[PDB]
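Spelled out from the first residue to the last, the chains are:
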Amino acid sequence: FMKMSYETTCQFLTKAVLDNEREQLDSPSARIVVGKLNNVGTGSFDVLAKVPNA
DNA sequence: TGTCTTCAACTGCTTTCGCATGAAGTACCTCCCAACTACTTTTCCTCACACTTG
């Protein structure tokens, strides 16, 4: 997706499809394309909660 | 038989963000339309000739 979103979009698309490529959705641009929390900065980690069991 | 070299044709881009305010193509064709004039249209009106008379 980072290739697609710079230049020769269709050329990078063609080389991607011909590869049967899978996007691991790491590129910040690519991640934006899919509406995903950006992996940089505050999205570099996850937050969980400690909850009482009793 | 096998590998190598230059040139020219082809690909893709080369500031960002907004106002304005959108308009305008047009050949080939025309049927519709507006026109001037004349012609035509529907109801109505009023008189008239012949045979016969005496």
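Residues numbered from 1 in each chain as written, not as in the entry; some residues may be left out. Chains lettered and ligands numbered in written order. Part of a larger assembly, values for the part shown. Heavy atoms only, no water.

As deposited, the entry is annotated with cryo-EM as its determination method and 3.8 Å as its resolution.

Caption draft 1: Region of the structure containing the protein's contact with DNA strand B. With respect to spatial proximity, the complete set of residues near DNA strand B consists of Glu7, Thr8 and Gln11. Take the atoms of DNA strand B that sit within 4 Å of the protein: sugar and phosphate atoms are 90% of them. Side-chain polar atom of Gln11 to a phosphate oxygen of DNA strand B: 2.2 Å apart, as the coordinates give it. (Near = heavy atom within 4 Å. Polar contact = N/O pair within 3.5 Å; in protein donor to acceptor, adjacent residues only side chain to side chain.)

Caption draft 2: Structural detail: the layout of surface pockets. In this structure, the largest pocket occupies an estimated 280 Å³ of space. Along its surface, the largest pocket is lined by 14 residues, and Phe1, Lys3, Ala16, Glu21 and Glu23 are the ones closest to its centre. Tallied by class, residues from the lining of the largest pocket come to seven nonpolar, two polar and five charged. (1 Å grid on protein atoms, 1.4 Å probe; cavity = no way out; pocket = protein on both sides within 12 Å on 5 of 7 lines; lining within 4 Å. Points joined across faces, edges and corners; volume = space filled by probe spheres on them. Nonpolar A, V, L, I, M, F, W, Y, C, P; charged D, E, K, R; others polar.)

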